[PDB]
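Colleague: Fold the following and give me the result.
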Amino acid sequence: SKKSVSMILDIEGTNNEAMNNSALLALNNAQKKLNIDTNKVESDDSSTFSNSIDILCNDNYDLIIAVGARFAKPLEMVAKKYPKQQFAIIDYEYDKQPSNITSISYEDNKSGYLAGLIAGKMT
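Modeller: Numbers count the residues shown, from 1 in each chain. Here you go, the structure:
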């Protein structure tokens, strides 16, 4: 039975481009080892971030991955409303880590760790 992963990225400016590309490569690499569907959402408008994550929580994804520290607040808010939904955030660590949110460093994003994490979560 196929699993599905959605990735939401902050594309305002150019300062996130490298990290964004690494996140996308990691997802593509995971897909090659697993039986997974993928989807991506891109936005430069941080005001719509919480709405967009909420929509993904109603689209049957086994994992929702947010790329960038600008997702910190809207992701924490939405994750409270969907306790069984698994989420990941790249380049941010919460002081008090929510039980359904896994944090991944900028380093782990490009080391193969992210693809591995996705594989372990999907299996």
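
Colleague: So residue 52 sits against residue 7, correct?
Modeller: No: judged on C-beta atoms under 8 Å, residue 52 makes no contact with residue 7 at a distance of 11.6 Å. Quick note: C-beta positions are derived from backbone N, CA and C, even for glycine.

Colleague: those helices in the protein, which residues are they?
Modeller: 17-33, 49-56, 72-79, 106-110, 113-122 (DSSP state H).

Colleague: Columns distance to residue 43 and mean neighbour count on top of those helices, output as CSV?
Modeller: Converted to CSV, the helices of the chain look like this (distance: least, C-beta to C-beta, whole Å; neighbours: other C-beta atoms under 10 Å):
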stretch, distance to residue 43, mean neighbour count
helix 17-33, 12, 16
helix 49-56, 6, 18
helix 72-79, 11, 19
helix 106-110, 19, 15
helix 113-122, 20, 17
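
Colleague: re the thing from before, what's the overlap in contacts for residue 52 and residue 7?
Modeller: Overlap of the contact sets of residue 52 and residue 7 (by C-beta atoms under 8 Å, 6 or more residues apart in numbering) consists of residue 41.

Colleague: nearest to residue 100, of the helices of the chain?
Modeller: helix 72-79 (5.4 Å; C-beta to C-beta).
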